[PDB]
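Colleague: coordinates only, no sequence provided:
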């Protein structure tokens with residue numbers, strides 16, 4: 001469902017189309033709370049968008065590159081460029097809304 005991404009293959013996986021990247025960490029309670037919401041969302045958009053996860057403790061440079069200061073942070077990418085951002089907890093509805101705005 002949700003594919004992991006790291007500093008090493010980020011540019012490889014985020015280059016074409018629309019991707020939603022979830023910047024999370026194991027110590028993040030709110031991040032665990034949105035995880036199930038993204039797994040559903042991912043299904044709702046198979047073939048439309050890719051949902052990726054990037055652990056900020058193990059991949060500090062990508063987090064620094066996109067100014068990710070607080071988590072969770074979800075960033076929408078389109079053809080390798082960040083076009084939108086969502087912070088904090090968000091119900092499935094609100095996330096689907098942000099995606100259709102870029103498809």
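Modeller: Perfect, I can see it now. Residues are numbered from 1 along each chain as shown.

Colleague: which residue ranges of this protein form helices?
Modeller: Here the chain has its helices, by DSSP state H, at 10-13, 29-44, 60-65, 92-100.

Colleague: just the buried residues of the third one, please?
Modeller: What it means is helix 60-65. Using 16 or more other C-beta atoms under 10 Å as the burial criterion, the residues of helix 60-65 that qualify are 62-63. Every residue, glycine included, has its C-beta placed from N, CA and C.

Colleague: roughly how far is that helix from the heart of the chain?
Modeller: 14 Å (C-alpha atoms, centre = their mean, to the nearest Å).

Colleague: show me what residue 55 is bridged to.
Modeller: Using DSSP bridges, the bridge partners assigned to residue 55 are residue 24.

Colleague: which residues touch residue 99?
Modeller: Counting by C-beta atoms under 8 Å, 6 or more residues apart in numbering, residue 99 touches 18, 20, 41, 45, 48-49, 76.

Colleague: center of the chain, which residue is that?
Modeller: Against the mean C-alpha coordinate of the chain, by C-alpha atoms, centre = their mean, the closest residue is residue 21 at 1.8 Å.
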